[PDB]
Number of protein chains: 2
Amino acid sequence: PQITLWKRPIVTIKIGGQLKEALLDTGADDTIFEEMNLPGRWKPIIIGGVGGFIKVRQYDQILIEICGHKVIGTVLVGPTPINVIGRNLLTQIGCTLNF
Amino acid sequence: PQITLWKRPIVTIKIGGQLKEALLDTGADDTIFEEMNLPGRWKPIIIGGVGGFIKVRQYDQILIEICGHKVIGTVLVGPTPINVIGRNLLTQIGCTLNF
Ligand SMILES: CC(C)CN(C[C@@H](O)[C@H](Cc1ccccc1)NC(=O)O[C@H]1CO[C@H]2OCC[C@H]21)S(=O)(=O)c1ccc(N)cc1
């Protein structure tokens, strides 16, 4: 699909058996999700944004289905104000900016 | 241009007679720039992102040239770690996500 930006480019995704919505964020190097029940081991991680830093848990090789497109990559889980699909996963679906 | 996302989608822009680099950020509703003494009046504003909120100065109807494309819109000035072109200006150059 081609997505214009008059509204937030929020898409439907499937992750860890749960249904969720996430923001296609080209400004996000990596994917981050609000608190959620993922399986497996994880490592504490500290990320940064406009307002400062938050502590999150990094999970690797996580299967996501982004708007019917499957991808496997790192997914951080922590106190983000919204679920964000970062460039680490956008590249796998072949996402591009156009103008 | 069509921009892939293996690298940060950073473009060269002209603002207030100054040259700067900024991130094409579909996750940003509005444009935010590091400190710069733009001319004119402004109104205090508080925005929020990952890690909390920051206080910024809001200027309206500011001319930016994004990759040689002129646009006029709101530009926030404050302690952001990186210049971000938000959706308020991306729509004016017709920027879209494609995959
Ligand atoms: C919560 C986000 C969806 C909103 N943000 C845009 C987003 O692209 C920021 C923009 C951004 C970019 C660099 C530094 C700070 C903020 N990226 C970001 O927070 O990235 C962090 C979370 O995922 C990781 O990816 C790399 C950094 C981590 S935001 O910078 O806070 C923002 C909010 C409101 C406006 N008007 C403009 C920008």
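Quick note on labels: first sequence line is chain A, next is B, and so on, each numbered from 1.
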In short, B/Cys95 meets A/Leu97 closest at the heavy-atom pair SG-CD2, 3.6 Å
*Near A/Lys20 NZ, under 6.0 Å, is it more than 12 heavy atoms from other residues, nucleotides or ligands?*
yes
For B/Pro81 and A/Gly49 the tightest heavy-atom approach is CG-O, 3.6 Å
Going only through I, L, V, M, F, W and Y residues with side-chain contacts under 4.5 Å, is there a path from A/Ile66 to A/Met36?
yes
CG (B/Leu89) and CG (A/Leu5) are apart, to the nearest 0.5 Å, by 11.5 Å
Comparing B/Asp29, B/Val84, B/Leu90 against chain A, the one with the most heavy-atom pairs below 4.5 Å turns out to be B/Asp29
So CZ of A/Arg87 and OG1 of B/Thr4: to nearest 0.5 Å the spacing works out to 9.5 Å
Honestly, the part of B/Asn88 sitting under 4.5 Å from a heavy atom of chain A is neither
Residues B/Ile93 and A/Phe99: closest non-hydrogen pair is O-CB, 3.6 Å
Would A/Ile32 and A/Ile10 show up in the same hydrophobic cluster when neighbours are defined by side-chain heavy atoms closer than 4.5 Å?
-> yes
Item to complete: Walk me through it: do A/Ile47 and B/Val50 pass the test side chain to side chain contact (heavy atoms under 4.5 Å, CB included)?
Response: CA-CA 9 Å; A/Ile47 67 134; B/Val50 152; 3.5 Å; yes
| request: Would you confirm whether B/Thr26, through its side chain, and A/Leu24, through its main-chain N or O, come within 3.5 Å as a donor-acceptor pair? | output: yes
